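[1] Build the 3D model from these lines:
(one chain, ligands or ions: 1)
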Amino acid sequence: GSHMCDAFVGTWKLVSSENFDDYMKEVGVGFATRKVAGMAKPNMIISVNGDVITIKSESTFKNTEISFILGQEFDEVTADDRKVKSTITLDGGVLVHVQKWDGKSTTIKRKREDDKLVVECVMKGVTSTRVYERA
Ligand SMILES: O=C(O)CCS/C(Nc1ccccc1)=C1/C(=O)Nc2ccccc21
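    Numbers count the residues shown, from 1 in each chain. Take a look:
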């Protein structure tokens, strides 16, 4: 039957980005990767099978995939090639994705708002908002 994470499932396309270069700088992404990753217009494909959530991200820059169970840490290699330890939870309808590496932390929050899936990436005081719509 239904689950609350149902509203995330589907194929989503990036429609706007704000402050992503500055977020990438805060994370430590180098110049060339910032330029190429910032140019990307990813699709994000979200599916659920039992307790396992899969999020794919596909662009001309990189194709990545993670599968995970809520609350259960996993190792992730990010599109910019960080080796992080990640935990994803639901918090009041928001998917909260925390990445830890080298004594640093960044959080990506994903929520449904109207017909959008809004992705907020935060590193210290810097936030980037990336808006996706159904493909
Ligand atoms: O999706 C967006 O438009 C914004 C986030 S891109 C992303 N980081 C990231 C950070 C710096 C440079 C390039 C990419 C992701 C990451 O680190 N883990 C993910 C799992 C699923 C989907 C995306 C990401």
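[2] buried set for stretch 5-16?
    Of the residues in stretch 5-16, 8, 12, 14 count as buried by neighbour count, 16 or more other C-beta atoms under 10 Å. Where C-beta positions appear, they are placed from N, C-alpha and C, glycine not excepted.
[3] I'd like the list of those residues that fall within strands, please.
    12, 14 (DSSP state E).
[4] Closest to residue 28 out of the buried residues of stretch 5-16?
    Nearest to residue 28 among the buried residues of stretch 5-16, counting by C-beta to C-beta, is residue 14 at 22.3 Å.
[5] So which residues on this protein come close to the ligand?
    14, 24, 27, 29, 37, 42, 44, 55, 57, 66, 78-80, 108, 119, 121, 130 (C-beta under 6 Å from any ligand atom).
[6] Save the buried residues of stretch 5-16 as a markdown table, and put in distance to residue 85 too.
    A markdown table is the format used below for those (distance: C-beta to C-beta, whole Å):
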| residue | distance to residue 85 |
| --- | --- |
| 8 | 22 |
| 12 | 25 |
| 14 | 26 |
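[7] From the buried residues of stretch 5-16, pick the one nearest residue 71.
    residue 8 (16.5 Å).
[8] And the helices in this protein, which stretches?
    20-27, 31-39 (DSSP state H).
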